[PDB]
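K.L.:
Take a look and give me a structure for this.
(chains A and B)
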Amino acid sequence: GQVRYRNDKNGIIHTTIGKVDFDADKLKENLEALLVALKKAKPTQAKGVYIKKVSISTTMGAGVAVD
RNA sequence: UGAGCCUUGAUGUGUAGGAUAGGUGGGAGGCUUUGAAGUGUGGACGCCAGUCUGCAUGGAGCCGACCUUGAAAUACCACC
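P.N.:
Residues are numbered from 1 along each chain as shown, chains lettered A, B, ... in the order given. Shown next is the structure:
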């Protein structure tokens, strides 16, 4: 399920990874694939930290960052 | 008396609208006998039309893509 969403003026961007039906390793590899496909287009005018904190969550989850 | 931090909140009428349209992960039923819609009343907000909570009442429904619409739900959890 390819997804293409846009960032806001503040710079907080998140896209779909899938429902809770996907298991842990699939979720982690999807996160890794999205992370690498996002960092591969790191612009030179993005000086500083590129990925700061991801607020991943579910229907009864809370936004916590990961590695 | 200035400055900051994990957390909980309050405010989000471009005009096309039931009317005070930020959006994203989740998302087409969450939430409500771990008591929801309707009443008198207090403070916050706002584009003086209107939103949230305390108090007592009621104690079982406002809300859905609802009809429109550039962006959809404040149907629900977290972010800013």
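K.L.:
residue contacts, residue A:18?
P.N.:
Residue A:18 is in contact with A:1, A:26-27, A:30, counting by CB atoms under 8 Å, 6 or more residues apart in numbering. (C-beta placed from N, C-alpha, C; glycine too.)
K.L.:
quick one: the most centrally placed residue in chain A and RNA strand B, what's the gap?
P.N.:
In chain A, the centroid-proximal residue (CA atoms, centre = their mean) is residue A:14; its distance is 5.2 Å. Relative to RNA strand B, residue A:14 is positioned 3 Å away (CB to the nearest atom of the strand, to the nearest Å).
K.L.:
Could you do residue A:3 as well?
P.N.:
Distance from residue A:3 to RNA strand B, by CB to the nearest atom of the strand: 6 Å.
K.L.:
just residue A:66 next, same as before
P.N.:
Residue A:66 sits at a distance of 13 Å from RNA strand B (criterion: CB to the nearest atom of the strand).
K.L.:
for residue A:46, same thing?
P.N.:
Taken as CB to the nearest atom of the strand, the span from residue A:46 to RNA strand B is 17 Å.
K.L.:
State whether that residue is indeed within a helix.
P.N.:
No: Residue A:46 is assigned coil when assessed by DSSP: H, G, I helix; E, B strand; the rest coil, not a helix.
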